[PDB]
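Have a look at the structure below, then the notes.
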Amino acid sequence: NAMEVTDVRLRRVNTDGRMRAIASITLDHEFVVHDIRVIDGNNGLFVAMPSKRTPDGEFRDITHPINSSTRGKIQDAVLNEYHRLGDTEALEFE
Amino acid sequence: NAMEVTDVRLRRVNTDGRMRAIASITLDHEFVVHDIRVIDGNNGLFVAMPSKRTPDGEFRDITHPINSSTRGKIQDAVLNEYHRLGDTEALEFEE
């Protein structure tokens, strides 16, 4: 079995800057990953894994998807929920 | 569908006395978690997840198994690998 984003918790960020939300994902109903950032980079919204700067100047994620596909399956879930919070709130407005 | 820690890779093993190994586990063949470390505490060994610092200054795991059995599993998966490497290491010298 492949792994599965099974839940997303998300907090919208309203301070301007690039970052639009910070979230956690639940993998397999079981494992939670914190500090995932939703960002407006000059090419569309994208999801960054929690990352660590090396004493080296450089950067690696603490939590790394191996394929770009599983990356995208993490990204989709987070962007989906994000936008879904957008338009459940919108519809509430009346 | 639960957790499957499919693989445990074990870097930096046995230099500091307390900080015993540095570990990368792979979940479900696709998702890797770095900077897990094997530390020797009060009662022997335990596996520490990577630490997030919250806004009030407390330290929390970035990587958090909600249930304790999942934690056990993860811990056992890591410790068996650490224990295996070392005892295989010694078995080299005997032969």
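Using ideal geometry, Cβ is built from the backbone for each residue, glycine included, and neighbour counts are taken over all protein chains shown. Each value in this text was obtained by applying a stated rule to the coordinates, not by laboratory testing.
Some observations on this one:
- Charge tally in the Cβ shell below 12 Å around A:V13, where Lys, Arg are +1 and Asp, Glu are -1, A:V13 excluded: +3
- Rounded to the nearest whole Hz, the Karplus-based 3J(HN,Hα) values (6.51 cos²θ - 1.76 cosθ + 1.60, θ = phi - 60°) of segment A:81-94 follow the sequence 5, 3, 4, 5, 5, x, 9, 8, 5, 3, 5, 4, 3, 10, with x at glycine and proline.
- Per-pair calculated FRET efficiency, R0 = 25 Å: B:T15 and B:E94 via Cβ, rounded to 0.05: 0.65
- Cα centroids of segment B:1-76 and segment A:1-73: 19 Å apart.
- With the simple model of a label 7 Å out from the Cα in the direction of the Cβ, A:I22 to A:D40 spans 1.9 nm.
- Rg ratio (alpha-carbon, reference 2.2 N^0.38 Å) - the protein assembly as shown: 1.17
- Counting only DSSP H runs of at least 4 residues, each contributing -39500 (n - 2.57), and dividing by the residue count of chain B, the helix-based mean residue ellipticity at 222 nm comes to -10000 deg cm²/dmol.
- With neighbour counts taken as other beta-carbon atoms within 10 Å, the residues B:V13, B:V5 rank, fewest first, as B:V13, B:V5.
- The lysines whose alpha-carbon is closer than 25 Å to the alpha-carbon of A:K52, local same-chain residues fewer than 8 away aside, are A:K73, B:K52.
- Considering all C-alpha pairs of chain B, those separated by over 19 Å amount to 45%.
- Counting, for every residue in B:1-13, the Cβ atoms of other protein chains within 10 Å of its Cβ and taking the mean gives 2.
- Across chain A, Cα pairs under 8 Å and at least six residues apart give a relative contact order of 20 percent.
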